[PDB]
Amino acid sequence: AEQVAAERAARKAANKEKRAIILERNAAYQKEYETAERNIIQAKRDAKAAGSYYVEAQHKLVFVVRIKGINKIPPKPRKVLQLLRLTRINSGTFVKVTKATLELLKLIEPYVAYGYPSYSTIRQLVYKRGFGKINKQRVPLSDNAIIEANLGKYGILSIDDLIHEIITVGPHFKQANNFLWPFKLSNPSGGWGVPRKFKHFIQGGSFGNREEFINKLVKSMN
Amino acid sequence: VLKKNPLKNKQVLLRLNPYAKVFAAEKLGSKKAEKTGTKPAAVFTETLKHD
Amino acid sequence: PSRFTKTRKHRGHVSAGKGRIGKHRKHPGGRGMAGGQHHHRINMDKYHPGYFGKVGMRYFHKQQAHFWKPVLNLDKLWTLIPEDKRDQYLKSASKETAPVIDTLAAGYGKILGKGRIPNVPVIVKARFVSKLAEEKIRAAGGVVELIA
Amino acid sequence: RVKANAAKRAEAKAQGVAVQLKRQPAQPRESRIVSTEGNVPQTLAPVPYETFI
Amino acid sequence: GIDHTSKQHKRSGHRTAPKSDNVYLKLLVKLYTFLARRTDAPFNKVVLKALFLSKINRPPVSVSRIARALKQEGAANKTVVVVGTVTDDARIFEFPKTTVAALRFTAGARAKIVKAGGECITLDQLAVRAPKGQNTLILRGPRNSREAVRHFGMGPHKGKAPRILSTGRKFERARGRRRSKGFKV
Amino acid sequence: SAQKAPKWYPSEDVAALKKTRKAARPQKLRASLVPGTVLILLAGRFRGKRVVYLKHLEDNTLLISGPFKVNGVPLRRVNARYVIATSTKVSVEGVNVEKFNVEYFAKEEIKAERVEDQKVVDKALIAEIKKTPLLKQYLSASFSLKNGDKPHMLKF
RNA sequence: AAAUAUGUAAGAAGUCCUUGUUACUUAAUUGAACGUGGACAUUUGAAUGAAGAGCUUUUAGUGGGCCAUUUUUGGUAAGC
RNA sequence: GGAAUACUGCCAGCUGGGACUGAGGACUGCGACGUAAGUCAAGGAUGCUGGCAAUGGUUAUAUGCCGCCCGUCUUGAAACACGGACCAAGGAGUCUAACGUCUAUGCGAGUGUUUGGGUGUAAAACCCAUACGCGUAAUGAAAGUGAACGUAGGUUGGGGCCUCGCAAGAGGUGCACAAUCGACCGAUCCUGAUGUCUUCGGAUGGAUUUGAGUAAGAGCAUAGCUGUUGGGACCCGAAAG
RNA sequence: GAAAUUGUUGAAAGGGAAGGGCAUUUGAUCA
Ligand SMILES: [Mg+2]
Ligand SMILES: [Mg+2]
Ligand SMILES: [Mg+2]
Ligand SMILES: [Mg+2]
Ligand SMILES: [Mg+2]
Ligand SMILES: [Mg+2]
Ligand SMILES: [Mg+2]
Ligand SMILES: [Mg+2]
Ligand SMILES: [Mg+2]
Ligand SMILES: [Mg+2]
Ligand SMILES: [Mg+2]
Ligand SMILES: [Mg+2]
Ligand SMILES: [Mg+2]
Ligand SMILES: [Mg+2]
Ligand SMILES: [Mg+2]
Ligand SMILES: [Mg+2]
Ligand SMILES: [Mg+2]
Ligand SMILES: [Mg+2]
Ligand SMILES: [Mg+2]
Ligand SMILES: [Mg+2]
Ligand SMILES: [Mg+2]
Ligand SMILES: [Mg+2]
Ligand SMILES: [Mg+2]
Ligand SMILES: [Mg+2]
Ligand SMILES: [Mg+2]
Ligand SMILES: [Mg+2]
Ligand SMILES: [Mg+2]
Ligand SMILES: [Mg+2]
Ligand SMILES: [Mg+2]
Ligand SMILES: [Mg+2]
Ligand SMILES: [Mg+2]
Ligand SMILES: [Mg+2]
Ligand SMILES: [Mg+2]
Ligand SMILES: [Mg+2]
Ligand SMILES: [Mg+2]
Ligand SMILES: [Mg+2]
């Protein structure tokens, strides 16, 4: 009457095959990325070849980090940074940028710094600081079993499937991003690169949009 | 009881992301994209250095 | 029990629960129900309407005995029968040979009809009764005689 | 809105399986080449101050 | 710091022990902390939390109302459950064949059952008769008719029984209680 | 009674400790710790003297001696970080190496058994060190430090 | 005739169909209101967020306030 | 024309130097390795060698830096606002009655022995007859009258239980509660049958009118915190009468 | 037979108060 090793040697194969089914989409993702971006650069150089301009497809995803202190904040900017999980300094999260998503970032603009993150930025950001909301319980994401368990409802089971599901703002972006925790970042390593940080970036300050520059900033807040 | 971070402690870089090790064979970060010989048009560059 | 109070927790909190501004002075509002019609008008029109004025005629040297008329409703009425006597009256239910119940003996003066009856014929003498009672007593075969 | 919502669910399985009944907000626009043909860029630069009153 | 979203360090808001130091009931609680936790029977949750309640969230069911809960369409011959005490009622005689568990019974409680062939079971002798609460009807006492609640939140035009000791005429009955004296409530 | 002791109690069971998932190595030693390099003593009684680098004894100590009739240096253990790496080649070998494992220096008036091993090693080397001119005369000259020197600029 | 600020709405308590009830209404079985019985879970009908929401009781202190940016009134002005 | 370099950026590219820390303490985890033994940096430090019978804590002083006297009223006190030279002991939200809420206990449509009797090892305990209080009915100023059309109602939602379905779900039953529409008792305004000491009686059917009502009762007693009022009423304080 | 306060003895400190917080040298003293 053993009954013991019957049910536990099934998970070795279960895991090796779910790892083999993770692998396939991860390699497919590297393929996806380089084909899409090399096609973008090639369309730019093709429109330049035959005399015209290929206009960049305006961005569909942006990363946002809040800065100003807990205190001395008007009621509605306070409300909205409470409304985007941004209740701390150097905390940050992503936004699906529709243009309804968009007009709240332009209400918090002097309290945040945001823009368009590279793949590598997002990957380094969710590897080191990616956390999941589980009965709120702020779990750290040590391996893919947990996004399998929470989001086996979306065909999303790899950490890089999740990366892909936001860097492409996938059809179930929101059910994934809300699951993600806000990102407790530190203060930037090489300072803030600007002496007084509460002026607009355009004004030699540090708040506003910095489109491809938050990369350099957020990689520094590792 | 503790979180170990990838990009260091390379063993846990494979607990997630197995494709990682294929990544190490093919440079993939040093992927030599193969060249194209397209020359920009002229009506574009004329205006690009137009006063 | 003194220790179970909370005024033994206020020790070392100068104003002892009554504050540094408002202090526990002796009679801020006026003693007792003072000023009901002036500065306590809310708390008496609210919580206590109908409080002032006269409402109806008076009666000199009344006695709470002249109007002693406790009401019993058709609900109980069988409690005036011991249980070692009523089931042997529920079975064994008949017009003749019927159980009788003197209301007034139990200390009641009017009998009202609330809660309909088992049909065993009961004939019970009261002094005053509500009309619906007499009818649902006659629907079970019984009637009402009048005592004083 | 719901009357237009009525028919568009018949074609869910009637044509295939594809429904799309929800409303959604504006999006950043997609890539669009735009041409020089008859449209050469008009170089510009600012202007000085003067009264004319 | 953190721009706190909702009140920090707030306690539950729900009882987790009937702090009667009644050693006997303080045992039945430890028994049912077993059940709901290791049965997932939704019946096993309800009564354990409903075990905690104070005396007033625990009104009595009367043998009167239980009789008709099996005059319910499809219950006549099943056992019932209610956490607390149950009272005799000399206003019903068509009492049924039945069996019922409750905390404690009055005198006539065990009477009306025997007179009609019923049984009166303590709930500790119940838990082994229906672990998952098989076929268990639960009825609650009418919390919102205790005498006190009939003046909770009285104001003008809500007409809800002023707090008053001696009652009758001249006692809060003229001004603010008829247009003949100023106005009515 | 005067105190009324408790009832919930611990119990004297030294709990088993759990695996130390640790794997060792010989030093991934510094790049200039090539056997047969003059090196400079920095801590010890002879501290300061110049020596020549030999076997990396498997307890991470580094055998070196002067030779002896050079600078009174017997063959000795050293911790790597208390001797700086000069840049001075020696000969291939001529020296017995295998006798000195890490045991060798286990101590139980003079000693008799390793004094002739040192007199094999020294002449095995001095035949080489004077091959180079004034190097014999250089390690003879125990090292010292002088005023105004900025180590961040000084090579060896 | 703006800016800021502001009222209602973004579904199942709905939407369709059927013809029942009545003392109302209409010339009218007309309409009115309320139901029977009948049909459609992907994408149940925009964005985001939620240590979940609703509901009751009882009572403390308080009812001298002042400052700052922007709006602004009296006064020459004022740390008015 | 053919290149190199700068700038910007990607590497799941390679290696050194420094610093801080080592929580947890059978095993349970997903890994990595291999061909397999067996290994490992993989759910929190090990190993070697060397040193003292030492090093740890407190105190006084010195140094570096920082620190206005408390209590009080106050928008504002270190304040040139008040009290305080110092010390010991005393030194101020109590008891009572009648109460609100909530909680614990007993009994339960009833509850409450202790005015009193019985008794007693004697102010205890113990036991007790009648009454009495409150509740069990309300409503009108009153004379007065006084709660089922029904499975004690429909409707919306409702925990739990039930039936099928593997389940998902589907339906059934639905208490507490919430909302709403009716039904029932008193008030008021109506409608006013048989009967007739011709003015009595008030059937029946009703309404933008009112109650603190019934509608398968919940209370009664005890105690606790808190709150209320009367009291010397938190403690000390007048000019007066 | 306490405190205030006082005397002798002993130890230490002290350029227009004193007292204090932090860390440490130094001395004293408790494994
Ligand atoms: Mg720096
Ligand atoms: Mg600065
Ligand atoms: Mg306080
Ligand atoms: Mg004080
Ligand atoms: Mg208080
Ligand atoms: Mg005070
Ligand atoms: Mg006051
Ligand atoms: Mg904090
Ligand atoms: Mg009015
Ligand atoms: Mg929740
Ligand atoms: Mg209040
Ligand atoms: Mg108050
Ligand atoms: Mg108040
Ligand atoms: Mg005041
Ligand atoms: Mg300010
Ligand atoms: Mg570069
Ligand atoms: Mg790199
Ligand atoms: Mg200072
Ligand atoms: Mg003042
Ligand atoms: Mg002060
Ligand atoms: Mg200050
Ligand atoms: Mg001054
Ligand atoms: Mg004063
Ligand atoms: Mg003084
Ligand atoms: Mg003095
Ligand atoms: Mg004292
Ligand atoms: Mg007696
Ligand atoms: Mg007697
Ligand atoms: Mg007797
Ligand atoms: Mg006095
Ligand atoms: Mg006098
Ligand atoms: Mg006088
Ligand atoms: Mg003294
Ligand atoms: Mg001196
Ligand atoms: Mg002087
Ligand atoms: Mg000092």
# chains A, B, ... in the order shown; residues from 1 in each chain; ligands from 1
call {"tool": "residues_near_ligand", "arguments": {"ligand": "ligand 31", "cutoff": "12 Å", "atoms": "only C-alpha atoms (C1' of nucleotides) and all ligand atoms", "output": "PyMOL selection string"}}
result
chain H and resi 238-241
call {"tool": "residues_near_ligand", "arguments": {"ligand": "ligand 16", "cutoff": "9 Å", "atoms": "only C-alpha atoms (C1' of nucleotides) and all ligand atoms", "output": "MDAnalysis selection string"}}
result
chainID H and resid 7:9
call {"tool": "closest_atom_pairs", "arguments": {"of": "chain G", "to": "ligand 15", "cutoff": "9 Å", "atoms": "only C-alpha atoms (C1' of nucleotides) and all ligand atoms", "output": "CSV"}}
result
residue,atom,partner,partner_atom_place_in_ligand_line,distance
G:67,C1',ligand 15,1 (Mg),7.6
G:68,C1',ligand 15,1 (Mg),4.1
G:69,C1',ligand 15,1 (Mg),7.2
call {"tool": "write_last_selection", "arguments": {"atoms": "C-alpha atoms (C1' of nucleotides)", "output": "PDB file, in the first residue's frame"}}
result
ATOM      1  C1'   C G  67       0.056  80.972   7.850  1.00  0.00           C
ATOM      2  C1'   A G  68       1.365  80.250   2.503  1.00  0.00           C
ATOM      3  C1'   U G  69       0.507  80.199  -3.333  1.00  0.00           C
TER       4        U G  69
END
call {"tool": "residues_around", "arguments": {"residues": "residue 7 of chain C", "least_positions_apart": "2", "cutoff": "12 Å", "atoms": "only C-alpha atoms (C1' of nucleotides)", "output": "PyMOL selection string"}}
result
(chain C and resi 2-5+9-18) or (chain H and resi 93-94+225-226+234)
call {"tool": "residues_near_ligand", "arguments": {"ligand": "ligand 21", "cutoff": "9 Å", "atoms": "only C-alpha atoms (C1' of nucleotides) and all ligand atoms", "output": "ChimeraX atom specification"}}
result
/H:68,77-78
call {"tool": "write_last_selection", "arguments": {"atoms": "C-alpha atoms (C1' of nucleotides)", "output": "PDB file, in the first residue's frame"}}
result
ATOM      1  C1'   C H  68      17.017  77.500  25.889  1.00  0.00           C
ATOM      2  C1'   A H  77       6.280  80.767  25.161  1.00  0.00           C
ATOM      3  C1'   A H  78      13.173  80.065  26.289  1.00  0.00           C
TER       4        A H  78
END
call {"tool": "residues_around", "arguments": {"residues": "residue 9 of chain D", "least_positions_apart": "6", "cutoff": "10 Å", "atoms": "only C-alpha atoms (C1' of nucleotides)", "output": "PDB file with C-alpha atoms (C1' of nucleotides), in the first residue's frame"}}
result
ATOM      1  CA  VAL D  17     -16.296  33.063 -34.095  1.00  0.00           C
ATOM      2  CA  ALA D  18     -15.450  36.753 -33.695  1.00  0.00           C
ATOM      3  CA  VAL D  19     -17.613  39.133 -31.726  1.00  0.00           C
ATOM      4  CA  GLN D  20     -16.054  42.504 -30.678  1.00  0.00           C
ATOM      5  CA  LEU D  21     -18.952  44.179 -28.885  1.00  0.00           C
TER       6      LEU D  21
ATOM      7  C1'   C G  40     -29.454  36.480 -26.347  1.00  0.00           C
ATOM      8  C1'   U G  43     -16.082  40.601 -26.557  1.00  0.00           C
TER       9        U G  43
END
call {"tool": "residues_around", "arguments": {"residues": "segment 90-92 of chain F", "least_positions_apart": "5", "cutoff": "12 Å", "atoms": "only C-alpha atoms (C1' of nucleotides)", "output": "PyMOL selection string"}}
result
chain F and resi 34-39+51-54+97+124-132+135-136
call {"tool": "interface_residues", "arguments": {"of": "chain B", "to": "chain D", "cutoff": "12 Å", "atoms": "only C-alpha atoms", "output": "PyMOL selection string"}}
result
chain B and resi 41-51
call {"tool": "residues_around", "arguments": {"residues": "residue 11 of chain G", "least_positions_apart": "5", "cutoff": "12 Å", "atoms": "only C-alpha atoms (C1' of nucleotides)", "output": "PDB file with N, CA, C and O atoms (P, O5', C5', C4', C3', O3' and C1' of nucleotides), in the first residue's frame"}}
result
ATOM      1  N   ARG D   1     -26.802  52.885 -29.032  1.00  0.00           N
ATOM      2  CA  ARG D   1     -25.603  52.066 -28.887  1.00  0.00           C
ATOM      3  C   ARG D   1     -25.941  50.587 -28.775  1.00  0.00           C
ATOM      4  O   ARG D   1     -25.288  49.756 -29.415  1.00  0.00           O
ATOM      5  N   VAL D   2     -26.945  50.229 -27.966  1.00  0.00           N
ATOM      6  CA  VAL D   2     -27.289  48.815 -27.842  1.00  0.00           C
ATOM      7  C   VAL D   2     -28.036  48.293 -29.064  1.00  0.00           C
ATOM      8  O   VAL D   2     -27.983  47.091 -29.350  1.00  0.00           O
ATOM      9  N   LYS D   3     -28.726  49.153 -29.811  1.00  0.00           N
ATOM     10  CA  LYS D   3     -29.367  48.663 -31.027  1.00  0.00           C
ATOM     11  C   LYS D   3     -28.321  48.274 -32.067  1.00  0.00           C
ATOM     12  O   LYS D   3     -28.420  47.217 -32.695  1.00  0.00           O
ATOM     13  N   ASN D   5     -25.544  47.367 -31.090  1.00  0.00           N
ATOM     14  CA  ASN D   5     -25.005  46.200 -30.401  1.00  0.00           C
ATOM     15  C   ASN D   5     -25.806  44.937 -30.679  1.00  0.00           C
ATOM     16  O   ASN D   5     -25.309  43.836 -30.417  1.00  0.00           O
TER      17      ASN D   5
ATOM     18  P     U G  44     -19.873  40.072 -23.951  1.00  0.00           P
ATOM     19  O5'   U G  44     -20.226  41.228 -22.917  1.00  0.00           O
ATOM     20  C5'   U G  44     -19.807  41.123 -21.561  1.00  0.00           C
ATOM     21  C4'   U G  44     -20.697  41.910 -20.633  1.00  0.00           C
ATOM     22  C3'   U G  44     -20.410  41.717 -19.148  1.00  0.00           C
ATOM     23  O3'   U G  44     -20.694  42.936 -18.460  1.00  0.00           O
ATOM     24  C1'   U G  44     -22.622  41.033 -19.615  1.00  0.00           C
ATOM     25  P     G G  45     -19.646  44.156 -18.509  1.00  0.00           P
ATOM     26  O5'   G G  45     -19.926  44.867 -19.908  1.00  0.00           O
ATOM     27  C5'   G G  45     -19.751  46.272 -20.055  1.00  0.00           C
ATOM     28  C4'   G G  45     -19.766  46.705 -21.501  1.00  0.00           C
ATOM     29  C3'   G G  45     -20.615  47.944 -21.793  1.00  0.00           C
ATOM     30  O3'   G G  45     -20.025  48.698 -22.847  1.00  0.00           O
ATOM     31  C1'   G G  45     -21.389  46.144 -23.088  1.00  0.00           C
TER      32        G G  45
END
call {"tool": "interface_residues", "arguments": {"of": "chain A", "to": "chain E", "cutoff": "8 Å", "atoms": "only C-alpha atoms", "output": "number ranges by chain"}}
result
A: 69-71, 82, 87-89
call {"tool": "residues_near_ligand", "arguments": {"ligand": "ligand 2", "cutoff": "10 Å", "atoms": "only C-alpha atoms (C1' of nucleotides) and all ligand atoms", "output": "list in words"}}
result
residues 191, 192, 193, 194, 195, 196, 197 and 198 of chain A
call {"tool": "residues_near_ligand", "arguments": {"ligand": "ligand 17", "cutoff": "9 Å", "atoms": "only C-alpha atoms (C1' of nucleotides) and all ligand atoms", "output": "MDAnalysis selection string"}}
result
chainID H and resid 10:11 13
call {"tool": "select_by_dssp", "arguments": {"residues": "segment 65-94 of chain A", "states": "helix (DSSP H, G or I)", "output": "list in words"}}
result
residues 75, 76, 77, 78, 79, 80, 81, 82 and 83 of chain A
call {"tool": "residues_near_ligand", "arguments": {"ligand": "ligand 9", "cutoff": "12 Å", "atoms": "only C-alpha atoms (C1' of nucleotides) and all ligand atoms", "output": "MDAnalysis selection string"}}
result
chainID E and resid 156:157 176:179 182:185
call {"tool": "closest_atom_pairs", "arguments": {"of": "chain A", "to": "chain H", "cutoff": "10 Å", "atoms": "only C-alpha atoms (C1' of nucleotides)", "output": "Markdown table"}}
result
| residue | atom | partner | partner_atom | distance |
| --- | --- | --- | --- | --- |
| A:15 | CA | H:30 | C1' | 8.8 |
| A:118 | CA | H:10 | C1' | 9.5 |
| A:119 | CA | H:10 | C1' | 9.4 |
| A:120 | CA | H:10 | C1' | 7.6 |
| A:142 | CA | H:30 | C1' | 8.9 |
| A:143 | CA | H:30 | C1' | 7.0 |
| A:144 | CA | H:30 | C1' | 8.8 |
| A:145 | CA | H:30 | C1' | 8.2 |
| A:216 | CA | H:9 | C1' | 9.9 |
call {"tool": "write_last_selection", "arguments": {"atoms": "N, CA and C atoms", "output": "PDB file, in the first residue's frame"}}
result
ATOM      1  N   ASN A  15       6.925  19.355 -15.749  1.00  0.00           N
ATOM      2  CA  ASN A  15       7.760  20.541 -15.694  1.00  0.00           C
ATOM      3  C   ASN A  15       8.728  20.599 -16.863  1.00  0.00           C
ATOM      4  N   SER A 118      13.091  50.676 -23.123  1.00  0.00           N
ATOM      5  CA  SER A 118      13.642  49.640 -23.983  1.00  0.00           C
ATOM      6  C   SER A 118      13.174  48.267 -23.517  1.00  0.00           C
ATOM      7  N   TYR A 119      13.279  47.280 -24.411  1.00  0.00           N
ATOM      8  CA  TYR A 119      13.100  45.902 -23.971  1.00  0.00           C
ATOM      9  C   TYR A 119      14.012  45.618 -22.792  1.00  0.00           C
ATOM     10  N   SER A 120      15.308  45.868 -22.979  1.00  0.00           N
ATOM     11  CA  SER A 120      16.291  45.489 -21.976  1.00  0.00           C
ATOM     12  C   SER A 120      16.021  46.170 -20.644  1.00  0.00           C
ATOM     13  N   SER A 142      10.102  34.192  -7.790  1.00  0.00           N
ATOM     14  CA  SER A 142      11.326  33.402  -7.856  1.00  0.00           C
ATOM     15  C   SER A 142      11.314  32.405  -9.009  1.00  0.00           C
ATOM     16  N   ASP A 143      10.143  31.916  -9.420  1.00  0.00           N
ATOM     17  CA  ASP A 143      10.055  31.133 -10.650  1.00  0.00           C
ATOM     18  C   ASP A 143       8.619  31.140 -11.162  1.00  0.00           C
ATOM     19  N   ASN A 144       8.466  30.680 -12.407  1.00  0.00           N
ATOM     20  CA  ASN A 144       7.270  30.874 -13.224  1.00  0.00           C
ATOM     21  C   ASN A 144       6.053  30.090 -12.751  1.00  0.00           C
ATOM     22  N   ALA A 145       6.171  29.243 -11.724  1.00  0.00           N
ATOM     23  CA  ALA A 145       5.013  28.481 -11.264  1.00  0.00           C
ATOM     24  C   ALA A 145       3.864  29.392 -10.849  1.00  0.00           C
ATOM     25  N   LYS A 216      17.986  55.258 -19.350  1.00  0.00           N
ATOM     26  CA  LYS A 216      19.222  55.618 -18.658  1.00  0.00           C
ATOM     27  C   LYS A 216      18.954  55.923 -17.193  1.00  0.00           C
TER      28      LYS A 216
END
call {"tool": "residues_near_ligand", "arguments": {"ligand": "ligand 34", "cutoff": "12 Å", "atoms": "only C-alpha atoms (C1' of nucleotides) and all ligand atoms", "output": "count of residues only"}}
result
5
call {"tool": "interface_residues", "arguments": {"of": "chain G", "to": "chain E", "cutoff": "9 Å", "atoms": "only C-alpha atoms (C1' of nucleotides)", "output": "NGL selection string"}}
result
:G and (51 or 56-57)
call {"tool": "atom_distance", "arguments": {"atom1": "atom CA of residue 144 of chain F", "atom2": "atom CA of residue 40 of chain F"}}
result
9.9 Å
call {"tool": "residues_near_ligand", "arguments": {"ligand": "ligand 25", "cutoff": "12 Å", "atoms": "only C-alpha atoms (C1' of nucleotides) and all ligand atoms", "output": "PDB file with N, CA and C atoms (P, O5', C5', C4', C3', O3' and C1' of nucleotides), in the first residue's frame"}}
result
ATOM      1  P     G H  84       5.247  81.326  43.344  1.00  0.00           P
ATOM      2  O5'   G H  84       6.211  80.068  43.180  1.00  0.00           O
ATOM      3  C5'   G H  84       5.842  78.800  43.704  1.00  0.00           C
ATOM      4  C4'   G H  84       6.678  77.687  43.123  1.00  0.00           C
ATOM      5  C3'   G H  84       8.179  77.908  43.119  1.00  0.00           C
ATOM      6  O3'   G H  84       8.770  77.679  44.385  1.00  0.00           O
ATOM      7  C1'   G H  84       7.504  77.048  41.025  1.00  0.00           C
ATOM      8  P     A H  85       8.948  78.893  45.424  1.00  0.00           P
ATOM      9  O5'   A H  85      10.523  78.982  45.641  1.00  0.00           O
ATOM     10  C5'   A H  85      11.404  79.173  44.542  1.00  0.00           C
ATOM     11  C4'   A H  85      12.777  78.645  44.861  1.00  0.00           C
ATOM     12  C3'   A H  85      12.817  77.199  45.330  1.00  0.00           C
ATOM     13  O3'   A H  85      12.920  76.303  44.235  1.00  0.00           O
ATOM     14  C1'   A H  85      13.999  78.567  46.867  1.00  0.00           C
ATOM     15  P     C H  86      12.046  74.957  44.177  1.00  0.00           P
ATOM     16  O5'   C H  86      12.801  73.978  45.178  1.00  0.00           O
ATOM     17  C5'   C H  86      14.211  73.822  45.113  1.00  0.00           C
ATOM     18  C4'   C H  86      14.729  73.042  46.292  1.00  0.00           C
ATOM     19  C3'   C H  86      13.857  71.883  46.738  1.00  0.00           C
ATOM     20  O3'   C H  86      14.043  70.735  45.937  1.00  0.00           O
ATOM     21  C1'   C H  86      14.527  73.136  48.625  1.00  0.00           C
TER      22        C H  86
ATOM     23  P     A I   4      19.464  64.795  50.218  1.00  0.00           P
ATOM     24  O5'   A I   4      18.993  66.315  50.217  1.00  0.00           O
ATOM     25  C5'   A I   4      17.943  66.750  49.365  1.00  0.00           C
ATOM     26  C4'   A I   4      17.198  67.920  49.959  1.00  0.00           C
ATOM     27  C3'   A I   4      18.059  69.025  50.537  1.00  0.00           C
ATOM     28  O3'   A I   4      18.594  69.873  49.537  1.00  0.00           O
ATOM     29  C1'   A I   4      16.244  68.560  51.997  1.00  0.00           C
ATOM     30  P     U I   5      20.175  69.884  49.250  1.00  0.00           P
ATOM     31  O5'   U I   5      20.777  70.648  50.510  1.00  0.00           O
ATOM     32  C5'   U I   5      20.196  71.856  50.975  1.00  0.00           C
ATOM     33  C4'   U I   5      20.496  72.074  52.434  1.00  0.00           C
ATOM     34  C3'   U I   5      21.942  71.849  52.844  1.00  0.00           C
ATOM     35  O3'   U I   5      22.778  72.959  52.567  1.00  0.00           O
ATOM     36  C1'   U I   5      20.528  70.707  54.341  1.00  0.00           C
TER      37        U I   5
END
call {"tool": "residues_around", "arguments": {"residues": "residue 21 of chain C", "least_positions_apart": "5", "cutoff": "12 Å", "atoms": "only C-alpha atoms (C1' of nucleotides)", "output": "count of residues only"}}
result
8
